[PDB]
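A.B. asks: final15.cif is reproduced below (mmCIF, N, CA and C atoms).
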```
data_run
loop_
_atom_site.group_PDB
_atom_site.id
_atom_site.type_symbol
_atom_site.label_atom_id
_atom_site.label_comp_id
_atom_site.auth_asym_id
_atom_site.auth_seq_id
_atom_site.Cartn_x
_atom_site.Cartn_y
_atom_site.Cartn_z
ATOM 1 N N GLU A 7 0.804 -1.212 0.000
ATOM 2 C CA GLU A 7 0.000 0.000 0.000
ATOM 3 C C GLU A 7 0.851 1.282 0.000
ATOM 4 N N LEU A 8 1.905 1.376 -0.811
ATOM 5 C CA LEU A 8 2.642 2.664 -0.894
ATOM 6 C C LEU A 8 2.231 3.414 -2.151
ATOM 7 N N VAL A 9 2.168 4.756 -2.051
ATOM 8 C CA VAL A 9 1.886 5.596 -3.211
ATOM 9 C C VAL A 9 2.913 6.721 -3.227
ATOM 10 N N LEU A 10 3.187 7.227 -4.418
ATOM 11 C CA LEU A 10 4.141 8.294 -4.609
ATOM 12 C C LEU A 10 3.368 9.608 -4.840
ATOM 13 N N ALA A 11 3.773 10.697 -4.199
ATOM 14 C CA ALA A 11 3.159 12.018 -4.444
ATOM 15 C C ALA A 11 3.715 12.593 -5.738
ATOM 16 N N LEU A 12 2.828 12.809 -6.707
ATOM 17 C CA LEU A 12 3.207 13.355 -8.007
ATOM 18 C C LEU A 12 3.336 14.872 -7.948
ATOM 19 N N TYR A 13 2.628 15.523 -7.010
ATOM 20 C CA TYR A 13 2.612 16.993 -6.865
ATOM 21 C C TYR A 13 2.608 17.348 -5.415
ATOM 22 N N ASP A 14 3.000 18.585 -5.108
ATOM 23 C CA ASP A 14 2.748 19.141 -3.779
ATOM 24 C C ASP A 14 1.219 19.300 -3.613
ATOM 25 N N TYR A 15 0.759 19.171 -2.372
ATOM 26 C CA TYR A 15 -0.620 19.500 -2.071
ATOM 27 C C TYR A 15 -0.641 20.080 -0.677
ATOM 28 N N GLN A 16 -1.246 21.250 -0.490
ATOM 29 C CA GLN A 16 -1.307 21.788 0.863
ATOM 30 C C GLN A 16 -2.757 21.669 1.360
ATOM 31 N N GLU A 17 -2.913 21.212 2.590
ATOM 32 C CA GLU A 17 -4.228 20.921 3.126
ATOM 33 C C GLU A 17 -5.086 22.177 3.222
ATOM 34 N N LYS A 18 -6.367 22.047 2.915
ATOM 35 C CA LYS A 18 -7.254 23.227 2.884
ATOM 36 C C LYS A 18 -8.471 23.020 3.775
ATOM 37 N N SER A 19 -8.562 21.852 4.409
ATOM 38 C CA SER A 19 -9.663 21.608 5.343
ATOM 39 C C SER A 19 -9.245 20.607 6.399
ATOM 40 N N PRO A 20 -10.043 20.479 7.476
ATOM 41 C CA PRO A 20 -9.639 19.653 8.622
ATOM 42 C C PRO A 20 -9.318 18.196 8.275
ATOM 43 N N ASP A 21 -9.966 17.641 7.259
ATOM 44 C CA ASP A 21 -9.760 16.236 6.963
ATOM 45 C C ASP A 21 -8.567 15.949 6.034
ATOM 46 N N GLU A 22 -7.901 17.004 5.579
ATOM 47 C CA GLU A 22 -6.838 16.892 4.568
ATOM 48 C C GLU A 22 -5.486 16.886 5.216
ATOM 49 N N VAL A 23 -4.498 16.484 4.435
ATOM 50 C CA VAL A 23 -3.117 16.472 4.902
ATOM 51 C C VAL A 23 -2.205 16.978 3.801
ATOM 52 N N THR A 24 -1.084 17.572 4.194
ATOM 53 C CA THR A 24 -0.162 18.192 3.250
ATOM 54 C C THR A 24 0.901 17.196 2.815
ATOM 55 N N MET A 25 1.278 17.207 1.537
ATOM 56 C CA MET A 25 2.372 16.357 1.074
ATOM 57 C C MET A 25 3.248 17.136 0.125
ATOM 58 N N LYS A 26 4.485 16.668 -0.061
ATOM 59 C CA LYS A 26 5.380 17.221 -1.074
ATOM 60 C C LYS A 26 5.638 16.235 -2.181
ATOM 61 N N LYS A 27 5.816 16.775 -3.383
ATOM 62 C CA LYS A 27 6.133 15.993 -4.546
ATOM 63 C C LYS A 27 7.330 15.103 -4.191
ATOM 64 N N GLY A 28 7.204 13.820 -4.506
ATOM 65 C CA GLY A 28 8.250 12.805 -4.231
ATOM 66 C C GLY A 28 8.143 12.083 -2.896
ATOM 67 N N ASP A 29 7.225 12.528 -2.045
ATOM 68 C CA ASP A 29 6.980 11.852 -0.738
ATOM 69 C C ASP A 29 6.377 10.477 -1.068
ATOM 70 N N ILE A 30 6.735 9.500 -0.240
ATOM 71 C CA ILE A 30 6.182 8.159 -0.325
ATOM 72 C C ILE A 30 5.196 8.061 0.822
ATOM 73 N N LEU A 31 3.921 7.829 0.490
ATOM 74 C CA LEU A 31 2.857 7.844 1.499
ATOM 75 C C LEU A 31 2.292 6.433 1.671
ATOM 76 N N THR A 32 1.761 6.143 2.847
ATOM 77 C CA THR A 32 1.074 4.854 3.050
ATOM 78 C C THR A 32 -0.433 5.071 2.783
ATOM 79 N N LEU A 33 -0.981 4.303 1.859
ATOM 80 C CA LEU A 33 -2.376 4.394 1.475
ATOM 81 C C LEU A 33 -3.266 3.682 2.499
ATOM 82 N N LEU A 34 -4.230 4.412 3.057
ATOM 83 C CA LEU A 34 -5.073 3.884 4.130
ATOM 84 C C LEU A 34 -6.479 3.535 3.614
ATOM 85 N N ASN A 35 -6.994 4.321 2.671
ATOM 86 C CA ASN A 35 -8.371 4.067 2.190
ATOM 87 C C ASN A 35 -8.496 4.704 0.819
ATOM 88 N N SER A 36 -8.760 3.873 -0.195
ATOM 89 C CA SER A 36 -8.941 4.341 -1.568
ATOM 90 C C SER A 36 -10.351 4.059 -2.075
ATOM 91 N N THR A 37 -11.340 4.038 -1.175
ATOM 92 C CA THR A 37 -12.718 3.743 -1.603
ATOM 93 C C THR A 37 -13.338 4.895 -2.371
ATOM 94 N N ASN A 38 -12.906 6.129 -2.116
ATOM 95 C CA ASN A 38 -13.513 7.274 -2.795
ATOM 96 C C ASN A 38 -12.746 7.485 -4.094
ATOM 97 N N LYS A 39 -13.413 7.855 -5.181
ATOM 98 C CA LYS A 39 -12.642 7.974 -6.407
ATOM 99 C C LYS A 39 -11.844 9.257 -6.518
ATOM 100 N N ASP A 40 -12.187 10.265 -5.735
ATOM 101 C CA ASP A 40 -11.541 11.566 -5.854
ATOM 102 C C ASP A 40 -10.533 11.862 -4.742
ATOM 103 N N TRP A 41 -10.790 11.313 -3.553
ATOM 104 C CA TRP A 41 -9.974 11.635 -2.384
ATOM 105 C C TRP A 41 -9.492 10.368 -1.713
ATOM 106 N N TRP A 42 -8.185 10.208 -1.474
ATOM 107 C CA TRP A 42 -7.694 8.979 -0.829
ATOM 108 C C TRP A 42 -7.090 9.333 0.518
ATOM 109 N N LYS A 43 -7.273 8.466 1.501
ATOM 110 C CA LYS A 43 -6.753 8.753 2.843
ATOM 111 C C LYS A 43 -5.367 8.106 2.910
ATOM 112 N N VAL A 44 -4.388 8.900 3.319
ATOM 113 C CA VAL A 44 -2.977 8.456 3.334
ATOM 114 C C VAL A 44 -2.355 8.867 4.659
ATOM 115 N N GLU A 45 -1.205 8.250 4.929
ATOM 116 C CA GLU A 45 -0.399 8.601 6.087
ATOM 117 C C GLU A 45 0.904 9.189 5.565
ATOM 118 N N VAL A 46 1.187 10.419 5.997
ATOM 119 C CA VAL A 46 2.310 11.196 5.470
ATOM 120 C C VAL A 46 3.127 11.471 6.706
ATOM 121 N N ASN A 47 4.322 10.894 6.739
ATOM 122 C CA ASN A 47 5.072 10.677 7.987
ATOM 123 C C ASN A 47 4.190 10.198 9.129
ATOM 124 N N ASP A 48 3.838 11.113 10.032
ATOM 125 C CA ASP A 48 3.078 10.837 11.249
ATOM 126 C C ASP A 48 1.614 11.331 11.274
ATOM 127 N N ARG A 49 1.126 11.893 10.161
ATOM 128 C CA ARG A 49 -0.196 12.539 10.127
ATOM 129 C C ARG A 49 -1.032 11.753 9.121
ATOM 130 N N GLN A 50 -2.358 11.721 9.282
ATOM 131 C CA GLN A 50 -3.237 10.998 8.347
ATOM 132 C C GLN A 50 -4.330 11.933 7.847
ATOM 133 N N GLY A 51 -4.712 11.807 6.582
ATOM 134 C CA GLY A 51 -5.791 12.642 6.123
ATOM 135 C C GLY A 51 -5.944 12.415 4.642
ATOM 136 N N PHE A 52 -6.796 13.213 4.005
ATOM 137 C CA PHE A 52 -7.082 13.008 2.589
ATOM 138 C C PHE A 52 -6.256 13.872 1.663
ATOM 139 N N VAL A 53 -5.940 13.322 0.491
ATOM 140 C CA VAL A 53 -5.379 14.127 -0.603
ATOM 141 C C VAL A 53 -6.082 13.704 -1.875
ATOM 142 N N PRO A 54 -5.952 14.504 -2.944
ATOM 143 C CA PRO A 54 -6.622 14.119 -4.183
ATOM 144 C C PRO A 54 -5.991 12.849 -4.749
ATOM 145 N N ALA A 55 -6.843 11.893 -5.118
ATOM 146 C CA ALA A 55 -6.378 10.631 -5.663
ATOM 147 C C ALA A 55 -5.564 10.812 -6.928
ATOM 148 N N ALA A 56 -5.899 11.823 -7.724
ATOM 149 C CA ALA A 56 -5.178 11.960 -9.005
ATOM 150 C C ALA A 56 -3.751 12.426 -8.781
ATOM 151 N N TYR A 57 -3.444 12.957 -7.595
ATOM 152 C CA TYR A 57 -2.088 13.460 -7.322
ATOM 153 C C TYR A 57 -1.111 12.429 -6.774
ATOM 154 N N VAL A 58 -1.537 11.167 -6.675
ATOM 155 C CA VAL A 58 -0.617 10.123 -6.198
ATOM 156 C C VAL A 58 -0.699 8.934 -7.138
ATOM 157 N N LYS A 59 0.339 8.098 -7.076
ATOM 158 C CA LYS A 59 0.473 6.982 -8.018
ATOM 159 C C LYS A 59 0.783 5.744 -7.190
ATOM 160 N N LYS A 60 -0.021 4.682 -7.319
ATOM 161 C CA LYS A 60 0.253 3.424 -6.571
ATOM 162 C C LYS A 60 1.543 2.788 -7.090
ATOM 163 N N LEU A 61 2.327 2.237 -6.168
ATOM 164 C CA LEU A 61 3.646 1.673 -6.491
ATOM 165 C C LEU A 61 3.586 0.156 -6.631
ATOM 166 N N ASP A 62 2.471 -0.420 -6.195
ATOM 167 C CA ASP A 62 2.235 -1.883 -6.196
ATOM 168 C C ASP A 62 0.895 -2.148 -6.878
#
```
Written as structure tokens, how would this file's structure read?
C.D. replies:
Amino acid sequence: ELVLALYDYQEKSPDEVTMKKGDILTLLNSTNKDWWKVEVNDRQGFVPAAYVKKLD
């Protein structure tokens, strides 16, 4: 369940999390087609699904 951040994304609401391009994130929930829940270092939240790429 690893995904690569294709772009920077800065969180804009309570449920979101910030990532930087090239970060390797742990994918927690990909049930929604637009927003995926990931763990970015020590924080968890949503980012746009189109901005990350599954590695497996």
A.B. asks: Please enumerate the residues selected by the PyMOL selection byres ((chain A and resi 46-58) around 5) when evaluated against the supplied file, formatted as a list in words.
C.D. replies: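 That selection, the PyMOL selection byres ((chain A and resi 46-58) around 5), comes back as residues 10, 11, 12, 13, 21, 22, 23, 40, 41, 42, 43, 44, 45, 59 and 60 of chain A.
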A.B. asks: Where in chain A does DSSP assign strand (DSSP E or B), given as a list in words?
C.D. replies: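 For chain A, the strand (DSSP E or B) set is residues 8, 9, 10, 11, 15, 22, 25, 30, 31, 32, 33, 34, 35, 41, 42, 43, 44, 45, 46, 49, 50, 51, 52, 53, 54, 58, 59 and 60 of chain A.
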A.B. asks: To one decimal in Å, tell me the separation between atom N of residue 36 of chain A and atom C of residue 9 of chain A.
C.D. replies: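 A separation of 12.4 Å between them.
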A.B. asks: Name the residues within 8 Å of (6.4, 18.1, -7.0), counting only N, CA and C atoms in the file's coordinates, and put them as a PDB file with N, CA and C atoms, in the frame of the given file.
C.D. replies:
```
ATOM      1  N   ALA A  11       3.773  10.697  -4.199  1.00  0.00           N
ATOM      2  CA  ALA A  11       3.159  12.018  -4.444  1.00  0.00           C
ATOM      3  C   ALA A  11       3.715  12.593  -5.738  1.00  0.00           C
ATOM      4  N   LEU A  12       2.828  12.809  -6.707  1.00  0.00           N
ATOM      5  CA  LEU A  12       3.207  13.355  -8.007  1.00  0.00           C
ATOM      6  C   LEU A  12       3.336  14.872  -7.948  1.00  0.00           C
ATOM      7  N   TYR A  13       2.628  15.523  -7.010  1.00  0.00           N
ATOM      8  CA  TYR A  13       2.612  16.993  -6.865  1.00  0.00           C
ATOM      9  C   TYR A  13       2.608  17.348  -5.415  1.00  0.00           C
ATOM     10  N   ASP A  14       3.000  18.585  -5.108  1.00  0.00           N
ATOM     11  CA  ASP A  14       2.748  19.141  -3.779  1.00  0.00           C
ATOM     12  C   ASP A  14       1.219  19.300  -3.613  1.00  0.00           C
ATOM     13  N   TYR A  15       0.759  19.171  -2.372  1.00  0.00           N
ATOM     14  CA  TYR A  15      -0.620  19.500  -2.071  1.00  0.00           C
ATOM     15  C   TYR A  15      -0.641  20.080  -0.677  1.00  0.00           C
ATOM     16  N   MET A  25       1.278  17.207   1.537  1.00  0.00           N
ATOM     17  CA  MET A  25       2.372  16.357   1.074  1.00  0.00           C
ATOM     18  C   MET A  25       3.248  17.136   0.125  1.00  0.00           C
ATOM     19  N   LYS A  26       4.485  16.668  -0.061  1.00  0.00           N
ATOM     20  CA  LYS A  26       5.380  17.221  -1.074  1.00  0.00           C
ATOM     21  C   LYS A  26       5.638  16.235  -2.181  1.00  0.00           C
ATOM     22  N   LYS A  27       5.816  16.775  -3.383  1.00  0.00           N
ATOM     23  CA  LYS A  27       6.133  15.993  -4.546  1.00  0.00           C
ATOM     24  C   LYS A  27       7.330  15.103  -4.191  1.00  0.00           C
ATOM     25  N   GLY A  28       7.204  13.820  -4.506  1.00  0.00           N
ATOM     26  CA  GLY A  28       8.250  12.805  -4.231  1.00  0.00           C
ATOM     27  C   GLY A  28       8.143  12.083  -2.896  1.00  0.00           C
ATOM     28  N   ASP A  29       7.225  12.528  -2.045  1.00  0.00           N
ATOM     29  CA  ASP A  29       6.980  11.852  -0.738  1.00  0.00           C
ATOM     30  C   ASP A  29       6.377  10.477  -1.068  1.00  0.00           C
TER      31      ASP A  29
END
```
A.B. asks: Atom CA of residue 16 of chain A and atom C of residue 31 of chain A, how far apart in Å?
C.D. replies: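 One can read the atom C of residue 31 of chain A to atom CA of residue 16 of chain A distance as 15.8 Å.
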A.B. asks: If you take every atom of segment 51-57 of chain A that the file lists and fit an axis-aligned box around them with 4 Å extra on each side, what centre and edge lengths come out in Å to one decimal, as lines of an AutoDock Vina configuration file?
C.D. replies:
```
center_x = -4.1
center_y = 12.6
center_z = -1.2
size_x = 14.0
size_y = 11.9
size_z = 23.6
```
A.B. asks: Might you spell out which residues the PyMOL selection byres ((chain A and resi 7) around 5) would select in the displayed file, as JSON, numbers by chain?
C.D. replies: {"A": [8, 9, 32, 33]}
A.B. asks: In Å, with one decimal, what is the gap from atom CA of residue 17 of chain A to atom CA of residue 61 of chain A?
C.D. replies: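 Between atom CA of residue 17 of chain A and atom CA of residue 61 of chain A the gap is 22.9 Å.
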